[PDB]
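What follows is the residue order along each chain.
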Amino acid sequence: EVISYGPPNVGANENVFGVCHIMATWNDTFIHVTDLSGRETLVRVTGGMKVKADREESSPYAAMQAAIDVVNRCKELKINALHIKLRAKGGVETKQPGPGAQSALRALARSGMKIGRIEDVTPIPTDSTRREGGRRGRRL
Amino acid sequence: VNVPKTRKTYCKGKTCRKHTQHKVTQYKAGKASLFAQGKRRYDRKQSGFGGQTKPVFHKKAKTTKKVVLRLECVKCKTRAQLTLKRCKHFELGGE
Amino acid sequence: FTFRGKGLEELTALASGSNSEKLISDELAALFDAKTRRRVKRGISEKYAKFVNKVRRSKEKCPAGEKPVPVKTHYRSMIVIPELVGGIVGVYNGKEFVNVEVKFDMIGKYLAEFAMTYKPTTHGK
Amino acid sequence: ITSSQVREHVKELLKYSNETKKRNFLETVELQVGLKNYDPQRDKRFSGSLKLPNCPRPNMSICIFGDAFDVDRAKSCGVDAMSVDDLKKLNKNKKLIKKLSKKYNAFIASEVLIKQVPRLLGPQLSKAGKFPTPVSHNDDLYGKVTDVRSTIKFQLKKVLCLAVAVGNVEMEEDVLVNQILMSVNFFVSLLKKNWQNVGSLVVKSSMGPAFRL
Amino acid sequence: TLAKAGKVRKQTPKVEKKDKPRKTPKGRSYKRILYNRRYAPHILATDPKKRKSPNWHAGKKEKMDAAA
Amino acid sequence: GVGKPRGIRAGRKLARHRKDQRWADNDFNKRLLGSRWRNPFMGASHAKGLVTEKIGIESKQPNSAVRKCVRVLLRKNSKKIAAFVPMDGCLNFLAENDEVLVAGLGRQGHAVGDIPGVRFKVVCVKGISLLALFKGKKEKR
Amino acid sequence: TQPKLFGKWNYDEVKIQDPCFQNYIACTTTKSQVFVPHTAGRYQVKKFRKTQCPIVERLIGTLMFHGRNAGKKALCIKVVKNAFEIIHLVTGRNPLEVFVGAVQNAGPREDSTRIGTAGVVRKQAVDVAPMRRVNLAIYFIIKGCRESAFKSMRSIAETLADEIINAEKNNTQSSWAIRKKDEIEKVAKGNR
Amino acid sequence: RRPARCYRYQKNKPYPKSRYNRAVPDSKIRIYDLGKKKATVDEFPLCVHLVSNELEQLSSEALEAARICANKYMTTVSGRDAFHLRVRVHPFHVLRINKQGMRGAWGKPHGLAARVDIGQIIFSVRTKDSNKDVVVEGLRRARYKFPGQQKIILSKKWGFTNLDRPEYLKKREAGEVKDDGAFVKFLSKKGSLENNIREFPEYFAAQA
RNA sequence: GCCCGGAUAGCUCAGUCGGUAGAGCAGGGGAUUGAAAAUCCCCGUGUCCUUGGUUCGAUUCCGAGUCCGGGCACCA
RNA sequence: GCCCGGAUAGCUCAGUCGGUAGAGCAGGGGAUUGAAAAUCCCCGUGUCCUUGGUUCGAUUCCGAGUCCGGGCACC
RNA sequence: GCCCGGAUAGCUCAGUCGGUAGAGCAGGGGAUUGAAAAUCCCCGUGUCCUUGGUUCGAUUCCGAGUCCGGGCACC
RNA sequence: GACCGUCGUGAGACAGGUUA
RNA sequence: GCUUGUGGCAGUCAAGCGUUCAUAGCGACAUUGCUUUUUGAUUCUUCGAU
RNA sequence: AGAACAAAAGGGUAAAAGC
RNA sequence: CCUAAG
RNA sequence: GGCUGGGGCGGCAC
RNA sequence: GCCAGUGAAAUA
RNA sequence: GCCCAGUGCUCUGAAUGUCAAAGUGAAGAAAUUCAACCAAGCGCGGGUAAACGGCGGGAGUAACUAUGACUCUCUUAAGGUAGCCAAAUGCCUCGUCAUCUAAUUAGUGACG
RNA sequence: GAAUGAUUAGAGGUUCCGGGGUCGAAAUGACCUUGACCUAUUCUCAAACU
RNA sequence: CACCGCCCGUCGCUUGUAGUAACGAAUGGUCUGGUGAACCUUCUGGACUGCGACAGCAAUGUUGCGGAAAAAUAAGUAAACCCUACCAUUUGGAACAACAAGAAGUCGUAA
RNA sequence: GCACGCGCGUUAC
RNA sequence: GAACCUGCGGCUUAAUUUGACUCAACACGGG
RNA sequence: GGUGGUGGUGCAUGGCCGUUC
RNA sequence: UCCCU
RNA sequence: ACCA
RNA sequence: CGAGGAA
RNA sequence: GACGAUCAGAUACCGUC
RNA sequence: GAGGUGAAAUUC
RNA sequence: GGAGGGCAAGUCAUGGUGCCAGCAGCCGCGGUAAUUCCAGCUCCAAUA
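Residues numbered from 1 in each chain as written, not as in the entry; some residues may be left out. Chains lettered and ligands numbered in written order. Heavy atoms only, no water. Residues with missing side-chain atoms left out of burial classes, pairs and counts.

- Deposited coordinates in this entry are attributed by the record to cryo-EM, at a stated resolution of 9.8 Å.

## A look at the overall build of chain B
Here comes step 1: Each helix and strand counted, chain B has one helix and two strands in total.
Here comes step 2: Traced from its N-terminal end to its C-terminal end, chain B shows the element sequence β-α-β.
Here comes step 3: Rg of the C-alpha trace for chain B: 20 Å, well past the compact-globule value of 12 Å for 95 residues, more than 25% over.
Here comes step 4: Across its three principal directions, the C-alpha atoms of chain B cover 60 × 35 × 15 Å.
Here comes step 5: Intrachain contacts of chain B at a sequence separation of at least 6 include 57% that bridge at least 24 residues. (Helix = DSSP H or I, 4+ residues; strand = E, 2+ residues; numbered from the N terminus. Rg over C-alpha atoms; globule rule 2.2 N^0.38 Å. Contact = heavy atoms within 4.5 Å.)

## Re the overall build of chain A
Here comes step 1: Check the secondary structure of chain A and you find three helices and five strands.
Here comes step 2: Reading the helices (α) and strands (β) of chain A from amino to carboxyl end gives β-β-β-α-α-β-α-β.
Here comes step 3: When its C-alpha atoms are laid out on the principal axes, chain A stretches across 60 × 35 × 20 Å.
Here comes step 4: When the 140 residues of chain A are sorted by exposure, 35% land in the buried category.
Here comes step 5: Expressed as a percentage of contacts within chain A between residues at least 6 apart in sequence, the contacts between residues at least 24 apart total 69%.
Here comes step 6: Looking at chain A as shown, the accessible area adds up to about 9800 Å², and 52% of this sits on carbon and sulfur atoms.
Here comes step 7: Positive and negative side-chain charges of chain A, numbering 22 and 15 respectively, have mean locations separated by a distance of 6 Å. (Buried < 20%, exposed > 50% of the residue type's maximum accessible area, 1.4 Å probe, protein only. Areas by Shrake-Rupley, 256 points an atom, 1.4 Å probe, with all protein chains shown as cover. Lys, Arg positive; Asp, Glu negative; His and termini not counted. Charge placed at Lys NZ, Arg CZ, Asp CG, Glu CD.)

## Considerations on the packing of aromatic side chains
Here comes step 1: Between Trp23 of chain F and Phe28 of chain F, the ring centres sit 5.0 Å apart and the planes meet at 50°, which makes this aromatic pair tilted.
Here comes step 2: A centroid spacing of 6.3 Å and a plane angle of 90° characterise the contact between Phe84 of chain G and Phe99 of chain G, whose relative ring orientation is edge-to-face. Taken together, the residues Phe84 of chain G in helix α2 (residues 73–91) and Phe99 of chain G in helix α3 (residues 96–105) connect sequence positions 15 residues apart. (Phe/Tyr/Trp six-rings, centres within 6.5 Å; stacked < 30°, edge-to-face > 60°.)

## A word on the sheet that holds strand β4 (residues 99–104) of chain F
Residues and elements named next belong to chain F.
Here comes step 1: Strands sit in the order β1-β2-β3-β5-β4 around a closed barrel of five strands; the barrel is mixed. If you compare each strand with its neighbour and ignore which way they point, the axes differ by 50° on average.
Here comes step 2: In terms of strand pairing, β4 meets strand β5 (residues 120–125) through five bridges, oriented antiparallel. Paired with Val102 across the strands is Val122, a residue of β5. (Pairing = 2+ DSSP bridges. Axes fitted to C-alpha atoms, helices over the stretch in contact; angles between N-to-C directions.)

## Some remarks on the arrangement of the chains
Here comes step 1: The two partners chain A and chain D share no contact, and the minimum distance between any of their C-alpha atoms is 38 Å.
Here comes step 2: The smallest C-alpha distance separating chain A from chain G is 10 Å, and no contact links them.

## Observations concerning the interface of chain F and chain E
A common way to express how large an interface is: the accessible area buried when the components associate.
Here comes step 1: The interface of chain F with chain E comprises eight residues on the first partner and seven residues on the second.
Here comes step 2: For the side of chain F that touches chain E, the residue count by class is three nonpolar, two polar and three charged. (Nonpolar A, V, L, I, M, F, W, Y, C, P; charged D, E, K, R; others polar.)

## Quick notes on the packing of helix α1 (residues 55–63) of chain G against α2 of chain G
Residues and elements named next belong to chain G.
Here comes step 1: Two numbers describe how α1 lies on α2: the axes approach to 9 Å, and their chain directions differ by 120°. Remark: the crossing between α1 and α2 carries right-handed chirality. Every residue of α2 that contacts α1 at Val56, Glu57, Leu59, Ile60 and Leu63 is listed here: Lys73, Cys76, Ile77, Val79, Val80 and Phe84. (Left-handed = near helix turned anticlockwise from the far one by under 90°.)

## Things to note about the sheet that holds strand β4 (residues 81–87) of chain A
All names here are of chain A.
Here comes step 1: If you walk across this open sheet you meet the five strands as β3-β2-β1-β4-β5, and the pairing is mixed. Of all the strands in the sheet, the pair left with one neighbour each is β3 (41–44) and β5 (114–120). Within the sheet, the average angular offset between the axes of one strand and its neighbour, ignoring direction, is 25°.
Here comes step 2: In terms of strand pairing, strand β1 (residues 17–23) meets β4 through seven bridges, oriented parallel. Considered in β4, the bridge of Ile22 is made with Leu86.
Here comes step 3: Contacts from helix α2 (residues 60–77) reach β2 (32–34), β3 and β4 within the one sheet, and its direction differs from that of β3 by about 150°.
Here comes step 4: Packing of helix α3 (residues 100–110) onto the sheet brings it into contact with β1, β4 and β5, and relative to β1 it is tilted by some 155°.

## Points about the side chain of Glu185 of chain G
Residue and element names in this part refer to chain G.
Here comes step 1: Counting through the fold element by element, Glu185 comes out in helix α6 (residues 176–191).
Here comes step 2: In this structure the side chain of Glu185 is engaged in a polar contact, spanning 3.2 Å, whose partner is the backbone nitrogen of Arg109.
Here comes step 3: The contacts of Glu185, once residues within four sequence positions are left out, are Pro108, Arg109, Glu110 and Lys180. (Polar contact = N/O pair within 3.5 Å; in protein donor to acceptor, adjacent residues only side chain to side chain.)

## So, the pattern of salt bridges
A pair can form between side chains of opposite charge whenever their charged atoms are brought close.
Here comes step 1: The closest approach of N and O atoms between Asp69 of chain A and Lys50 of chain A, which form a salt bridge, is 3.3 Å. One end of the pair, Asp69 of chain A, is in helix α2; the other, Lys50 of chain A, is in helix α1 (residues 47–50), and 19 residues separate them in sequence.
Here comes step 2: The closest approach of N and O atoms between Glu96 of chain C and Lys95 of chain C, which form a salt bridge, is 3.8 Å.
Here comes step 3: One network of salt bridges, in which partners are shared, links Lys22, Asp26 and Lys41 of chain C. (Salt bridge = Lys/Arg side-chain N within 4 Å of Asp/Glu carboxyl O.)

## A few points about unusual backbone geometry
Here comes step 1: Residue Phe57 of chain B is bonded to the preceding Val56 of chain B through a cis peptide linkage, with omega at 0°.
Here comes step 2: In this fold, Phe57 of chain B is placed in the loop between α1 (37–42) and β2 (69–70).
Here comes step 3: In this structure, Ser78 of chain F is a non-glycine residue whose phi angle is positive, near 75°.
Here comes step 4: Within the fold, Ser78 of chain F resides in the loop between β2 (66–74) and β3 (80–84).
Here comes step 5: Positive phi outside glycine occurs at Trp158 of chain H, with the angle close to 75°.
Here comes step 6: When you line up the elements, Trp158 of chain H lands in the loop between β7 (153–154) and α3 (166–169).

## Concerning the environment of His21 of chain A
All names here are of chain A.
Here comes step 1: With respect to the helices, strands and loops of the structure, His21 is situated in strand β1.
Here comes step 2: Residues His21 and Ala109, spaced 88 residues apart in sequence, show a C-alpha to C-alpha distance of 15 Å.
Here comes step 3: For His21, the contacting residues outside a window of four places in its chain are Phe30, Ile31, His32, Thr34 and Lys85.

## Here's the deal with the environment of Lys41 of chain C
Here comes step 1: Here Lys41 of chain C shows up in helix α3 (residues 34–43).
Here comes step 2: Placed 14 residues apart in sequence, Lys41 of chain C and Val55 of chain C show a C-alpha to C-alpha distance of 23 Å.

## Describing the pairing of strand β1 (residues 110–117) of chain G
Residues and elements named next belong to chain G.
Here comes step 1: Where β1 and strand β2 (residues 120–127) come together, eight bridges link them in antiparallel fashion. When the bridges of β2 are listed, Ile115 appears paired with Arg122.
Here comes step 2: Here β1 folds back onto β2 in antiparallel fashion, the turn holding two residues, of which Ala118 has a positive phi close to 65°.

Here's what the structure looks like:
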């Protein structure tokens, strides 16, 4: 049969934890899963790996596929619960989550997955540095 | 310029004589390196510095080598007989 | 070696037959198309008769020097009568009079059919 | 496996028996191989004995036919029939061309086909066991049936098949296995490269096996 | 242009002036006549809002008699 | 209070102020800067001159017309003058090289609304008032 | 007694299993059980009358729809009757219980609404209604018949017959009708 | 041009410079008859001709000028019906010029003239009696042109003209050319015809 | 003069360790369209450079030929 | 004067191997506009400079020439 | 100064291997407008610079002068 | 000897211009 | 230094200009020449001093 | 014998030397 | 340049 | 390299 | 097994 | 000012192709002759001009007339930017207009 | 006013294929003007023509 | 005359204009360094002449004294002229250039 | 009136 | 788009009467 | 000096009609 | 229904 | 008017 | 003319 | 300033440096 | 795969 | 010296002219039926 690799410990009452990082830009979306120490990468699915048109590299659809794609890979890691660290290029950019955000989570919950605690880790700065554009910014 | 592979060009050998269809290819080349007396002695310089030999060789060619026609019967059993057609450029049987 | 429709002479005897009364004896009638027969059998004018004789004098008096006296008319509605062949009648169209040499073939046909009433179109721009 | 053990298939394998002493009657050994495994047509043989040396062993009815004159080319002997009114209906196909060209030996008939042999008569039969070989087909199929009956040598054609011999009971070793090789020529090697072209085989005499590879 | 100088006047038909029937009194007399033809009590009599234009008599022979 | 100062001791101030703030008047600024003396007539009311040539000028804006004009040479001044010849046939009397008497048109500056760069009127030909030449019963040479 | 269709087709031979179509079809009513598909009814008056129309009357209507050639129900009632005989001679089933199925299948369940903003032509996911679904189904079915029916000796009563059959089967290779039925959903499933 | 020094003599056999001297600077007088051509061969009779008495090379261009002033008057006081000025010299011999700064040089062609043998006829024309002095005075012109020269001679023939042959053609009243033998009389001499003649004809051939 | 790589659809190029020839673009047909794109389906053509041998057969395997591409070394 | 380079549709310039010749712009006709632009559909165009010669066939390959171009003329 | 060049209506300007003379603008008569610009048809106007030659005839093909118009001028 | 332009990779080279 | 094309300079013929007339004053075309302070050819004399 | 005989030009060539 | 352009 | 109306650029009567 | 053998090619 | 394509310089860089001597393998009976891999270098990739040096060309293109901020184009890195002149660089050239002279192939001031 | 191959110029065709005109004008007979080949003439030439 | 509305600039065209600064010239005025007519005064000078005494009665003559013309003199007032600086008022100048005004010129469209 | 450019329509594949 | 029909433009013509021109001209002036 | 005029000005006008509707 | 007119 |  | 492009 | 795109034009309104 | 736009494109 | 307005005075169905000649202090007149031009008539103003 299958040769799983999740630690040698099962139990339909023993929860496994995986920290899922999700960055949702207005261009691309990321979905990452890693040890609760976040120093060893496991699963990594981005909208780009999911569609052809660069404009769709964001999409709600790309979030579904990249999301469900990870859950499958996760049942094999023997992990059922996921901690969520949600972000969105905080830096000096629209500190607002993208679109493929509420879409990704939703997909993980539906396709089974148990959800641990949920954080928002969009890096808000104390100061700032001259943003996109300048003085007047995107005009038109 | 259109030759015709094999054609009864009388010939002999002998131990044959008379005619005999001859499969006639043209002649190629042949390496020498490290056998030729040309070498056996022409290995020099003499020797902490050199140059070459009086004929070596930049002259002025002719832009037309020659056909090394190599007629050769099969009944005569021998022997691949060379001929000499001169006019280039050209090529075997067309025609 | 060429001939003519129904015999130019038979008709001169057919038209000027025993009763050479009405320009178009009932004889010539059998020859013409319904439209023409209609008209003659209906009510043909007399003027068409004095015009007739006007060609008459033109055809004889003229020497064999083949120089016919052109007869002028507006009666474009006239249907060429057998004896009308040979003379050159000038027919009005709109501007002036048209001189046409009457051949045997143009009989039973409206005298107007030859006096071109308009100059068709040439072009460019 | 072309190794020392050849004389283990020969010398060490020449008195195996299956009972007591070693009997009291004559012997019967050889050296098994084949013909060329080519396809019994294009290229697989030529001329030259080993030997070898043998003949039938059991039956010899092979193949020879074509016209109404090919029957007598199998009357004072014994062969198969190609028929006349069959090359336009059923003298070849699978179990047909077989029949005439499918016996054991090979073929020793003549030639006559025309525009029909790329998938029927001459065709379907080749690697099966025949496809127009060299049997001096001109005077008949008997004199060249010295290459199709006895002596031999060992005409190896059709499907595998061949022969071998050297001594009688016991008196061969290096020249026993090296007699088996000697019992091989234009069947073990030939012109441009031919020292080997197979995988394995068999041999013995009557005892038990030979090479245990 | 130039040669087009006085095009108008040259083209104008010289009409003559009505040789004075009698005379035009020049002096206190003229000022008198005027006083009479307009500010004499018979005109200041009728409405000061309905009295005529000192030149409605544009020289109209038809309205010239209707008034007098 | 307003800008002006109301002191009995500050008369001087008000005085100088008026003399100063007064330059803002063109009418003042004009005569004050001997400007009148620099014009073609040199202040004068009229000027004599010789006809340099009769030229015509085009009307401006809503008007389109050939105005009659004479280019004159003033005597002691010696300047090129643009002079509009009045009424109808007028230019028909001005012979080239005759003596002409010119005067301005409504306040020396803007020409009549119609004219372009003309600032003068012609009143005499060979010393004969134009009006005089304009009415037959008067004069002609 | 029960008035069979065209005189030989029991109406009660069918039932609408799916609840969707139950009120958006005619087989079910007492008033619907007609001998002839001609009622010169007054449907198309209120804003949902169309419902109460004996499913086949609808078919006939949608059928006499090509300009010059059409506008005469008289005939069309025929083309539909023969077509029913012909559908029967092949699956010997109550041809209403065939046409009916076909109606339920050939109706797209999804469409895309063209919503363009300043030149760009965008689309969205839209779920197709029932009344609209049936309408599309018939319109579609018939639409196709004429397709081949043109310069062909094949007749409408034949083309149509051959259609109603495959349209019930969902045979995506034999029903110009169901082709769109699938494509419309597919393309629509893309724009969504 | 280069003057007339490469002028009248010899100093060189005759380099008619055709096939062998290819580059003959093309001629100068591509005229020859310039006049009342297609003439009558009766009509414009009595010819006066211009003979040159002096083995010279009446140059190229020169012969031209001849023609020029020739026609000039010919016509200018007698008409296009009056002349016919048969060229009658004509200009072969391509002469040459000269130009390793003095070492062996042959000529490169340099203009074609012609050899008036002393007695030869040059630019000689022909016209009717009433043209005499006309023609005569005119040809004078030329003599004054063209490295002269000069016959301005009055003539006869033969029959390149009138031309005495006067008593002759004035005698061949009856006929024109052959004559010749006596046989296939296809020059309508008059009058019968063939029959009679062909009688007399062999009637003598037989006398032998 | 040696030493590597190639030769395939009109273009650019995949390609069994011998059984089928395939993408991408161009081109074309259609839906959509203010315009043009981008979209979105459906197609089009192949001695797989040539010549022989291996094999039941061979784009493929090997030799040879021509061509183009790479490279590296000399040159009296 | 010597050695070079072209020329092809109305224009600016592609292409050929000896069989075919093109594009952009212009232009002609409809469409949008109230009307012009723009934009959208449709469309037609060639002595391939003249010239002899070769060839079965020449815009193309030779030979001569015209034009418009550029480059040398040093001791 | 010698080497080419243009001369054509009111002013600026082209010509089968001669035989005929042109647009443009001025221009007056219209179409057009509300009137006018613009625009589109029409008029008109001359040895095509003076001589000599070539031809059936020359504005043109020739030859010289001619006026104005670019390139050449001790040691 | 020394400027520049202009050709040349360089050395230099200009019947080019400039100065002692 | 030859030679003189090219430069320069004169000359014959007389169609023309010169309003009337070819020559007072000039002369197309065509043609004969002189000139050696142009220029061009040529290489004889002089790099074993100009 | 004005053509043709690869190609330059000339010679040659007619039941051929051309086809 | 011609396997026939021998 | 050479032949060259002196050398040269050019051309090949190399 | 093989004489039968199909298929892309039959083996102890 | 703008040009890194050219020549030079110079960087960890290029997933791959040459590339010598020893060293290795294969074949003969060896001599010897075929092999495979193989440092640099090369070629591929990048930066680099206060490094050598570079800095285009023709067509159309109204409101007498000539005209180009216009666009069309074919095009090599880039297509001379500020600035500056008949200047010690300018061919024609004694440039054209002034200015200084009675007079200017000189001067100077302009203009491209 | 001989072969060939060049070149002048007009003549005569009781002559044929076309560009200009005519009674003219669509198988117009008939003459007509430039070419197009004869026919007796004219002019001047040839290393690779006689 | 109401967006097929208004409207801006480059260049061009049409009709025109000579400003501010500098320089040139003219007139007038002042400064700097010199030449210096004329005249008041001054020191001279002393023809000519008046007086007294002596040579004669007288014309004349000697001398003493006094007035006194020309000449010459120094300091002075200082005309004119020149040179060196500066002021004022007028007036002048050109191709190309420049400025002014206008438009359904040309290219686009700023507002 | 016809080289053509538009606009209602009639008949039809 | 097609052939006819009819109106408008255009170009012809002796002459092709003329009105009307984005809906608010063109089978409309009962054309 | 009139009659009459499908001759000119719909921007000289009545009357009427279309359009905004 | 207010996207288009 | 566009939507169907 | 074989159901008709931009509209 | 160098680049992408947008445009009939963009060394401009967006985008990469 | 990022990034960036209405779409994409040089960019990583 | 004027008679559209300011600025007192023509509502002449007046003649000529036709953005021409010209008027006009400033508004503005004038492009075939001008209340401002040329002129007649009649008017107004100040009046030697």
